[PDB]
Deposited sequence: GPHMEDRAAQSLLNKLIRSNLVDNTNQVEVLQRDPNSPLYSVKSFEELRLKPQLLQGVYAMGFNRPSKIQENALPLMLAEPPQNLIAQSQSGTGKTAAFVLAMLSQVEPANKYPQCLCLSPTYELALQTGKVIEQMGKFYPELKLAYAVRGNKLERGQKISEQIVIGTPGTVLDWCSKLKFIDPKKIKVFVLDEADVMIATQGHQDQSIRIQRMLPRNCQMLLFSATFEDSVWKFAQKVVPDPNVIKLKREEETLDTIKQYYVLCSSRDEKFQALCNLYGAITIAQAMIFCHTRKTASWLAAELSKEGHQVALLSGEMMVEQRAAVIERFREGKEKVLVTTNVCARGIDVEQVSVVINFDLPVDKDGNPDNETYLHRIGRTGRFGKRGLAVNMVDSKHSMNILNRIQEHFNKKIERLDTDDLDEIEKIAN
């Protein structure tokens, strides 16, 4: 639920590319045509002011996905593209670079159009445009979003437009703010998020149908879900397709344990004995009340922990995650919802204060694999009722790797796991 907020949070805390060891699968529209992949930005002959912006942003080498996407997007005649790769692989930097290659800042009208699922996500993309194109003196950016106060009769002179589908459609047709036949590059970013809203699909297609045939069409998604793929086929005609499989999570270098408990207050005491061993840790709870209650009790017992709860704005969650990464916080308590799909790094211990279960009540094996884990990690699961023990064993059955019973009372066994 709310993929747009999860996506926004990952943007705010993302500091570098995610390392992927898989290979890029390329499906060109012409299977006879060769596969051209570059390994440096000089190989692309970018405009000097654009290469300057690329280097000024700390980029020195194309990312894995960019090695194939950049030469394909800069080829003549323009090639359309549907690209799929996990968050943090450089999809956004890729199409920003493509947009900045085709824009002529002397022509004071929109030439590149990008659709974002939300205003906040549009702002994140606009920041990348502002950075990479900061050596384009006359280059200006317009935000076609609901909050924009624009009186009729004006014709926007910004060369790049980022916006949400509803407002962009109004600007291109009804309100006559954009002439769509002058658009040279069209991007639909975060298609996996965009489809979460019913109206967005129809609006995005209607916008695309107004563009000229010589306009380059680009679509990017974090996931390869069939619904996104079917939507993408309706948006991008005659597409090349690029895919980078998500980096697998092995689970083999992590010691798993579970603690039988009589009640909740037992789980708190059992957690206290463990805390001595540690080595930042994340603690996952089902309800905000559990997370708030647990975070408070840990403070009373002499330890400061960061809390991740739903009343916090996305910007506050990012600030807490950043402090946790910088070591200022040694332990982070979070609900399942606030942590679902968030790429938190620098975690070596996971405490499943509550076992991850889907809305069907069954085990959430996907969430379990994502939280845990080639560096040694530790996973402690807190069982309470017999139901929870029935669940835990189903997890143990799923992965077929044993979760040894930890005896929280015995401090000697706690040192054994710490090894």
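Gaps in the coordinates relative to the deposited sequence fall at 1 to 4, 283 to 284, 380 to 384.
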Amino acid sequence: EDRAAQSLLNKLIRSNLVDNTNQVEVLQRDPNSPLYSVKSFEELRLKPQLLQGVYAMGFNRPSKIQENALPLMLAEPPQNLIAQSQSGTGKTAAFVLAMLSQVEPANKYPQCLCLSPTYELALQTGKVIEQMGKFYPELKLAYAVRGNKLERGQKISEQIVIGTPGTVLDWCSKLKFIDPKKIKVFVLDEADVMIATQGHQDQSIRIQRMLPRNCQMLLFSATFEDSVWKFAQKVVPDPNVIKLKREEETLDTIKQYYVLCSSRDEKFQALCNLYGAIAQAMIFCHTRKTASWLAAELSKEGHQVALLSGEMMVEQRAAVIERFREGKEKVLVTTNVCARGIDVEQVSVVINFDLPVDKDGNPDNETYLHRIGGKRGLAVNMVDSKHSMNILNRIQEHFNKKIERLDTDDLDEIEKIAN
From here on, numbers count along this sequence of modelled residues.
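Look at the C-alpha B-factors of 161 to 169 and of 334 to 342. On average they run higher in 334 to 342.
Taking only CA atoms, the mean B-factor in the PDB entry is higher for 403 to 411 than for the other of 5 to 13 and 403 to 411. Residues shown: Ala279, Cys215, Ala306, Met73. Highest C-alpha temperature factor in the entry: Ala279. In this structure the maximum Cα B-factor among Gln86, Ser204, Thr290, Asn80 is found at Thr290. Looking at the C-alpha B-factors along this chain, the one for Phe177 belongs to the middle third. Sorting the modelled residues of the chain by their CA temperature factor places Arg45 in the middle third.
In this PDB entry, the Cα temperature factor of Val357 sits in the top third of its chain's modelled residues, the highest group.
Annotation for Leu150: C-alpha temperature factor in the highest third relative to the rest of the modelled chain, per the entry. Ranked by C-alpha B-factor against the other modelled residues of its chain, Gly302 falls in the highest third.
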